[PDB]
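Below, in structure tokens: the form deposited in one PDB entry, a single chain.
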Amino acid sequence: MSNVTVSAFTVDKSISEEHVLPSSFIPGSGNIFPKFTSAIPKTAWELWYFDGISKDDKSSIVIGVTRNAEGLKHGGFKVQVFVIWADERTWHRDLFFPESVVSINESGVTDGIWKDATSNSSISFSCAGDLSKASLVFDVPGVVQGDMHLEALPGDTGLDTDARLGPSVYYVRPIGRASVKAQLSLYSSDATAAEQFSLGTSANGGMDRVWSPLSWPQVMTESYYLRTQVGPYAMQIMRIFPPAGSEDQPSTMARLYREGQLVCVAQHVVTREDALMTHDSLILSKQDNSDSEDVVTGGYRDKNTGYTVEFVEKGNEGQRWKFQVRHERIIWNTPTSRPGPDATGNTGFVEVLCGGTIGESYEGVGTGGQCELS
């Protein structure tokens, strides 16, 4: 009943056994529309990611809307929802929907609807054509109901930058920098009680769009995610280490903004400020200050308490921005191996940051995540 372009998947019919090639990356675009349009191969995956974190009280919300075959045994395509309250209570669900539909409508809005007709449940996202905002509607009775809204902050969009994350993954950032609001009713597992969640004030966040034809262990052994507003600064980092047995350099899709102006476009990871002066570069190193009072580690074999971030502008005269990243609160700990002293895992953090150029000590909070595969 309207002039739509549509990719309608069901978990029963859209998972292919043969290998499929995805449509190509659209430079300068949010790439919101799915790249595996008719069927998705067993190893491939697609991600629509949204988060926000309150500078005022450190409440935070994290949404992963995915297509991939791993949910097949679970009854559909997975959506992940994590929240942490100001008081560090947490809530989480993996939700599986048989139907996933992404469409572009007559006004240019791209809508994604993950639905489960027989439980009257759905989670949807909606991206404005100009990516000036995106909103989500949670409608899962007895589980989660409410909405989330992201508004793009003024300035450069960063969409005219390289989105490759190594040779097998594309990491696009449709909304790099946004203000965020979220209100949810969150139910207990038995659905007899519900708690209210309101994202705190002065919340920042954004939206990322990620996809690959290869499984996670085929593209990386470890990843670090970070998104934060630090006074005038805003930065988004994804850094991976190459898969086991490879010998590539680490990869990164890392960006630094100042007053909304994109000032460092780092596609390379280095260990030293002079290692690669022909390119904007990133130094990302773990820290271990287990004696500090305001720090946490993940719940697996990585005992790092934080990271040092340094953006190194290109050139002999290039600027340098350095930020300390301290893990302050645990949003989630989920395993990527069987239990044990050497177990690996995936941890989400409320991060606290401080830094800038020399002579600056701006502060903010951010969302962090680290995953180590085995």
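Numbers follow the displayed sequence, beginning with 1. Take the two forms, find the largest set of C-alpha atoms that superpose within 1.5 Å, and that set is the rigid core. Only residues modelled in both forms are compared.
Form deposited in another entry: not shown, discussed below.
- Considering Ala86, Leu72, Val137, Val295, one residue stands apart with a C-alpha shift of at least 2 Å between the shown form and the other one following superposition on the core, and it is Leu72.
- Core-superposed comparison between the shown form and the other one: the C-alpha position of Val350 differs by less than 2 Å.
- In the other form, the CA atoms of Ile15 and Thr336 sit farther apart than in the displayed form, by at least 3 angstroms.
- Cα of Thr336 to Cα of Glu70: at least 3 Å longer in the other form than in the shown structure.
- Once both forms are overlaid on their core, the residue ranges between the shown form and the other one with Cα shifts reaching 2 Å in three or more consecutive positions are 13 to 22, 39 to 41, 69 to 75, 290 to 292.
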